[PDB]
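In short: position in the sequence shown from 1, add 1376, done, that's this note's numbering. Accompanying notes for the structure given below.
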Amino acid sequence: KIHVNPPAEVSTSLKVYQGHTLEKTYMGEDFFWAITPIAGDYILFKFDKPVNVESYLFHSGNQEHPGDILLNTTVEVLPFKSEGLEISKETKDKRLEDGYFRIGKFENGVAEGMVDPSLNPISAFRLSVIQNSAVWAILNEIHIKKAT
């Protein structure tokens, strides 16, 4: 699908297969196709400006290769403000050492979810590969939706 995502510098540690780069998927042009993701691989969307994020949608696999999905991969967000924000005990528990919050993860090839209003606006979205994959990973759709 084609969405207008917030302007961003987009990068990955992953090796892509035959031109299937992350920037084209972010732009709606083609699907991302990574060779066998390993623990500690990431996909990074670093926004040019802070974004008030309502929700996110990542769909892995596609019609032609439906088992080429993202497994054991988390959804992490970097708040623009590092301090000056009360957050709940539950939300503090999701804070990583590098200051990203772990808000979600891939379940049967899909990650979709709301952003806690207390974390907005956001400077970056990251997808962290926590464990090794046997399968290649397609990203067919990326939608980061603005709340404002």
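Each residue gets a CB set at the ideal place from its N, CA and C atoms; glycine is no exception.
For the candidate residues the options, whose alpha-carbon lies nearest to that of residue i?
i: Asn1484; options: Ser1458, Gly1443, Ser1464, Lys1468; result: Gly1443
i: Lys1400; options: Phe1434, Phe1408, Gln1394; result: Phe1408
i: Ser1509; options: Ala1523, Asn1438, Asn1448, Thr1388; result: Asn1448
i: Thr1388; options: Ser1504, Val1511, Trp1512; result: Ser1504
i: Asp1424; options: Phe1501, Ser1494, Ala1513; result: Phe1501
i: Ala1513; options: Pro1493, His1519, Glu1462, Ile1419; result: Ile1419
Run through the DSSP bridge pairs and tell me what residue i is partnered with.
i: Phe1501; result: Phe1421, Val1453
i: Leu1433; result: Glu1488, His1519
i: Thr1388; result: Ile1419
i: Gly1480; result: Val1451
Which value, in whole angstroms, describes the spacing of the CA atoms of residue i and residue j?
i: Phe1482; j: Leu1515; result: 12 Å
i: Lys1457; j: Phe1477; result: 12 Å
i: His1379; j: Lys1521; result: 9 Å
i: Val1392; j: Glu1405; result: 15 Å
i: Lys1465; j: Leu1398; result: 35 Å
i: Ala1384; j: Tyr1402; result: 9 Å
i: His1435; j: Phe1421; result: 16 Å
i: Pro1455; j: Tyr1432; result: 15 Å
i: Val1486; j: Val1429; result: 18 Å
i: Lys1377; j: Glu1488; result: 15 Å
Taking all protein chains shown into account, decide if residue i is buried (16 or more other Cβ within 10 angstroms of its Cβ) or exposed.
i: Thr1524; result: exposed
i: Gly1460; result: exposed
i: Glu1452; result: buried
i: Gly1437; result: buried
i: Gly1395; result: exposed
i: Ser1499; result: buried
Segment contact flag, the segment 1463 to 1473 with the segment 1408 to 1426, C-beta cutoff 8 Å, min 3 pairs: no
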